[PDB]
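Worksheet: the structure to be examined is printed underneath.
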Amino acid sequence: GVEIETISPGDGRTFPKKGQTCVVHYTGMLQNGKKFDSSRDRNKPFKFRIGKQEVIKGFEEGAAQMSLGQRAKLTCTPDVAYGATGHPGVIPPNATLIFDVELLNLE
């Protein structure tokens, strides 16, 4: 499950396709928790491609459902990224992840 709450401005048509290296100013967040990962803090806006399962399924499905300029807001389920596993020190198991995703992409 990927719950999208798009803040309106964008274009609504430049969708990420397969093998398109796309750029996201992401900003991570835990439900009832703080940030854990931010491309805005690094100022390195995470040039990633679609179709290789580089990113988690909660972040991959939210990218193709957005367009250029759009500012959505992910609500990632635990079972798609780290629900039983959990990352050591960053993501606990059974965490419902929150992301500030703005698709200002390339290709």
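Ordering of the structure tokens sets the chain letters (A, B, ...); residue numbers start at 1 within each chain; ligands are numbered from 1 in the order shown.
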With a distance cut-off of 8 Å and only C-alpha atoms, select the neighbouring residues of range 2-12 of chain A, excluding the residue or stretch itself and same-chain residues fewer than 5 positions from it, and output the selection as a PyMOL selection string. chain A and resi 58+61-62+66-77
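The residues of range 39-85 of chain A that DSSP classifies as helix (DSSP H, G or I), using the backbone of this structure, are residues 39, 40, 41, 42, 57, 58, 59, 60, 61, 62, 63, 64, 78, 79, 80 and 81 of chain A.
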For CA of residue 106 in chain A and CA of residue 82 in chain A, the interatomic separation in Å (one decimal):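 Computing the Euclidean distance for CA of residue 106 in chain A and CA of residue 82 in chain A yields 28.4 Å.
Minimum distance to residue 39 in chain A across A:25, A:105, A:57, A:51 (counting only C-alpha atoms) occurs at A:25.
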So that I can check the secondary structure, give me every residue of chain A assigned strand (DSSP E or B) by backbone DSSP, as number ranges by chain. A: 2, 7, 22-24, 27-30, 38, 47-48, 71-76, 97-103
Restricting the calculation to only C-alpha atoms: of A:50, A:90, A:104, A:95, which residue gets closest to residue 36 in chain A?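 Nearest candidate to residue 36 in chain A out of A:50, A:90, A:104, A:95: A:90.
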Taking only C-alpha atoms into account, name the residue in A:96, A:65, A:20, A:31 that is nearest to residue 47 in chain A.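 For residue 47 in chain A, the nearest of the candidates is A:20.
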